[PDB]
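Fold and geometry: a report
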Amino acid sequence: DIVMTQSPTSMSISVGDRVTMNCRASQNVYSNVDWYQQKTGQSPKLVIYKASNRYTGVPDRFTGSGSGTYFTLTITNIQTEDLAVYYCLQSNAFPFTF
Amino acid sequence: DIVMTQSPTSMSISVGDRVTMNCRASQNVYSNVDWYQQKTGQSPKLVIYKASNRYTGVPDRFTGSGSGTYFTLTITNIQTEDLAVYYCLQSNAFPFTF
Amino acid sequence: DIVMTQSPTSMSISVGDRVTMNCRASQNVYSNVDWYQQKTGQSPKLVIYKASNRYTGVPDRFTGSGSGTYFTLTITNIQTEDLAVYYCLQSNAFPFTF
Amino acid sequence: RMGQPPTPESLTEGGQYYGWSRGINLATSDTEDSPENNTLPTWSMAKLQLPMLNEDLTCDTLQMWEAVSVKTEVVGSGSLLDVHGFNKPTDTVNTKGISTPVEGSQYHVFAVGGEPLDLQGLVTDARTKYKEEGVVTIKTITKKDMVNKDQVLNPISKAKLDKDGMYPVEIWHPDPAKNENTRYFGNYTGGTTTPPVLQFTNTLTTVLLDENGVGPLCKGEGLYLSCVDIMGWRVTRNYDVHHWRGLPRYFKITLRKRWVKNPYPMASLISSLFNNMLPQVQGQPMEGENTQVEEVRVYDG
Amino acid sequence: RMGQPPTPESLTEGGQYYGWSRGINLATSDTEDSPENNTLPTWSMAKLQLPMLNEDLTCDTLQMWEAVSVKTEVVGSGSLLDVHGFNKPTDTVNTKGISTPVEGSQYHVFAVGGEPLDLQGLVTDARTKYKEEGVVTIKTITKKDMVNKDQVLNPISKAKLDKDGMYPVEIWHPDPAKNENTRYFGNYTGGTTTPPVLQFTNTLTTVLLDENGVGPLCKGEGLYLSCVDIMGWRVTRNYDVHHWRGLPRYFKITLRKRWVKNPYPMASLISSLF
Amino acid sequence: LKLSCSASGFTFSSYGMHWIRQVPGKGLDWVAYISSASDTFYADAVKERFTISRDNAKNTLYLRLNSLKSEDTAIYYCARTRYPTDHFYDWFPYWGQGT
Amino acid sequence: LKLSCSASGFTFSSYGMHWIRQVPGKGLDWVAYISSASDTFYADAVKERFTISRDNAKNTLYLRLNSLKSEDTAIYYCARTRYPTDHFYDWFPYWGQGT
């Protein structure tokens, strides 16, 4: 099983600032990494699929980058509707880990 | 044997400044050059593999560039954890030289 | 024989300014043009080979551009060590002309 | 037998590239080139020891085996249909699709004879520094280095396919000698992505008879088979290392007993048997300039 | 013998492109092609001098040799499996993989005869300037510049295979003369990346007999063998300089003696005396 | 005169392992290399003296030292390549502890 | 009337070498070229007079001068190409000392 570790445990930041959360996988996952946004009380919504594209309806402030062992999700100017938890998921082997 | 010569013998610079260290190989090494960071008392850590990529976990201030006879390693804004020695290694023929 | 004509016969300029010297060949030379720097009392050193690349050890202020009948060599910020003559050479047929 | 030897029986320590070469690493300069023995595909050979037969010294006539025909077949082509696995993918941008199967330069040679295959040395670039131990190179046979004439044809760089798995196919090619007792067939197909092609059937045979209808008579009593079947090379999802592939070849030889005339005098081969069985010694000089033999007398009566 | 001559024997001074053309440098402009002497692959030929047979110059009959059959084979195919070394690699973005094998246009011709091969001149470009020293060209034989009729069949540009390693194959082709004492076989396969194909065997032969069952009668007393075997070109890890590879060809000829009518007319001598 | 370098957590025999020694004052210095298909490549100064080997199924390389040991002294490291190939040039990122 | 240009540190016969002469006032001027497969290419003005040659295994080019030597005077240089090819146009970066 692959273990996904995220560098920022919790980030406190205001509106208009920039955040970057990184993810590290024990083994190589080529480009198969998704970025999920979960607002409290909702099913987790897909934000950044395959680590380099933006799912439809997602604004241009969200950016996914990286490939291999180190991935990153970046937000340039935060918005009020971006106040949710963010999980990174490897989908490159079985079993998938969050 | 290939001889690797580095232009800056010692660079003294503060935090937030930029440094660029160059490396020259007697014969042509196409793109097979690694950049190693050694902190005193630690095994040398890989920083920039194959002269154009950043090993996982290494921040975006580090940059490796060049190909052929002239390579370079650049740091835009120094950090306290970047106070270590830096060796460039050709891995293109036998024997490898540091 | 191809005749290489250079537009600036002599350019007088201070340190920190920009210079652009052009070269024209009577017949088409595809991309085979070199740019040579000669300091008085030295063998002419290669600066810009094949009209689009920088020979190793040459700084980033030097730039070679163009292809076909019109080539150019550009320097953004002059330096004291750039006070030398500059010849453009076609190497695309025999005999080579300077 | 091409590259990896069969000995590390475990599928984890040898990776079990058995049946594949180990990995083709290129050269670092024009003059520096070392092919790394476990990379080079080599000739496979075998010898079947047949029994001794009758004779008739009243007529100086012998009996010896005679390979009349052969059915060959390269077994295991459908195996190349394994298109899963961790090879280079067809859609490489996303690493999806199909693992690129075995493709490339293929080389199918076999040979059935009554004596070991006589082969010739002929190489590409002759600066190549083959390992001087564990493989049979043109330097191993003629004790000097290679020359330029080993790049086209040197009637000096000859050998016999005698051991096994040691004569690299890239150096030693079946040699058309003056008078030969071996039938060899072969075909080559170069390129970098040539699709492999193969055929099976258990119906059609090959006739080994000569122009006089004699076929390969077995010298000694052994029947020699030889073969090489390179089917291409595979690429790994990494630096494109290029392990070769080869498939086993099945021979079915049909022999019979033929009467032949013993062309040598019995006394000559008796003396030869005695000279081969006895040691070859030194002793004090009893011939030449410092003979210790003093006198010799010959009486009759 | 295709390009690089065999003479400089060291593997450093000559680099030993023995068995390889030297290098290929394209033209710089349409009007200026002058390839090289060591770049052009040329014909290989040899003459076996057979002994003299008879002295029946009193009856019209006389006996001389006759090639009955041939067994040929291009030896050295497997050597093309050397995929180490410094050629352009299979995967060029990282410069890794396999040093590409020999591919390209291939050209196999051989010919067994009693008199030297009769050749015909036909060039792709009649404006090419071949060096007039060390190579035989349509100019060397017609003594004038090349005509536009040399891009197609011109019945004037005819020659023989006197020399060896002198007649390039981009110019001189086996000529179908009306009365011929030579059997020549050949096949050509173009392309820039065509994979080579070859065939070993020591099994079956070629019959050199004519429709009347005669076959090449060795006039004089010599047997002439000619061949060219181009397998393709290897592209170096540089400015993509191709250069050809050629493999040696082995001939085995079966000759028998045949009674013919006298080809030495004494009238010629007893008339040269006048 | 015989080193030992234990490794764990992977398939030992699928990777190529280098030896790099560092004297405290003149920097790092490559020594030897043994790949998956065991084939030894040495440095020019240490050609005949050291012998690098690997015992598969035991997971330890043995750099048998110079057997003379006269003028060679440094911190001896181990390095494992990044990928499990038969490619010799693989930018070993996994250094040892040092000795 | 016979020059000599010694070179060392490489394989001499795998590279192509040019001759470039510079009169102090009118700049540089190409003269001749000899490649690996020795084949001489001259400038238009100096075609019949000079002869460039190379003696392999001795590592020196000989630009045998005009044998007339009337109106040709300049600083004579040597140049070696960058790569060891049979490609004629290779942007020689390694100039000589001058004479």
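Rules used throughout
- Residues numbered from 1 in each chain as written, not as in the entry; some residues may be left out.
- Chains lettered and ligands numbered in written order.
- Part of a larger assembly, values for the part shown.
- Heavy atoms only, no water.
- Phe/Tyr/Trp six-rings, centres within 6.5 Å; stacked < 30°, edge-to-face > 60°.
- Helix = DSSP H or I, 4+ residues; strand = E, 2+ residues; numbered from the N terminus.
- Buried < 20%, exposed > 50% of the residue type's maximum accessible area, 1.4 Å probe, protein only.
- Patch = residues over 30% accessible without salt bridge, like charges linked within 9 Å, V, L, I, M, F, W, Y side chains within 5 Å.
- Areas by Shrake-Rupley, 256 points an atom, 1.4 Å probe, with all protein chains shown as cover.
- Salt bridge = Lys/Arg side-chain N within 4 Å of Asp/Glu carboxyl O.

Per the deposition metadata, cryo-EM was the technique used to determine this entry, at a resolution of 3.3 Å.

Per the PDB entry, chain F carries the name 8A7H5 Fab heavy chain and comes from Rattus norvegicus. In the PDB, the structure is listed with the title "Murine polyomavirus hexavalent capsomer with 8A7H5 Fab, subparticle reconstruction".

Per the PDB entry, chain A carries the name 8A7H5 Fab light chain and comes from Rattus norvegicus.

**A few points about the packing of aromatic side chains**
Summed over all chains, the structure comprises 68 aromatic pairs over all chains. Centroid distance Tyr-36 of chain C to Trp-95 of chain G: 5.0 Å. Interplanar angle 90°. Geometry classified as edge-to-face. One end of the pair, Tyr-36 of chain C, is in strand β3 (residues 33-38); the other, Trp-95 of chain G, is in strand β8 (residues 94-95), on a second chain. Classification of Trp-95 of chain G by relative accessible area gives buried; the value is 13%. Of the aromatic side chains, those joined through ring pairs into one cluster are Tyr-36, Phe-94, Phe-96 and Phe-98 of chain B together with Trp-30, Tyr-33, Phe-41, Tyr-77, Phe-88, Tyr-89, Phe-92 and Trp-95 of chain F.

**Things to note about unusual backbone geometry**
Cis geometry marks the peptide bond from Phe-94 of chain A to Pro-95 of chain A, where omega comes out at 5°. Inspection of the secondary structure assignment puts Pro-95 of chain A in the segment after β7 (85-90). The residue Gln-16 of chain D is not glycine, and still its phi comes out positive at about 40°. The topology assignment puts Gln-16 of chain D in the segment before β1 (44-49).

**A short note on a nonpolar patch on the surface**
On the surface, a cluster of nonpolar side chains totalling about 910 Å² of accessible area is made up of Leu-57, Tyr-264, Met-266, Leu-269, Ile-270, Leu-273, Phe-274, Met-277 and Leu-278 of chain D. Of note, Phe-274 of chain D is situated in helix α2 (residues 266-277).

**Describing the pattern of salt bridges**
Where charged atoms from two side chains of opposite charge come close, those side chains can pair. Summed over the entire model, instances satisfying the criterion amount to 41 salt bridges over all chains. When the shortest N-O distance is used, the salt bridge between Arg-22 of chain D and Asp-86 of chain F registers 2.7 Å. Here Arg-22 of chain D, found in the segment before β1, pairs with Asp-86 of chain F, found in the loop between β7 (75-80) and β8 (94-95), and the two come from separate chains. Neither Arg-22 of chain D nor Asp-86 of chain F differs from the other in exposure class; each is buried. Between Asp-175 of chain D and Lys-158 of chain D there is a salt bridge, and its shortest N-O distance comes to 2.9 Å. Taken together, the residues span a long stretch of sequence, with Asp-175 of chain D in the loop between β9 (172-174) and β10 (182-189) and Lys-158 of chain D in strand β8 (residues 158-160) at a distance of 17 residues. For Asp-175 of chain D, a relative accessible area of 5% translates into the label buried. In the salt-bridge network here, residues are joined through shared partners; they are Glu-115, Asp-118, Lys-160 and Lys-219 of chain D.

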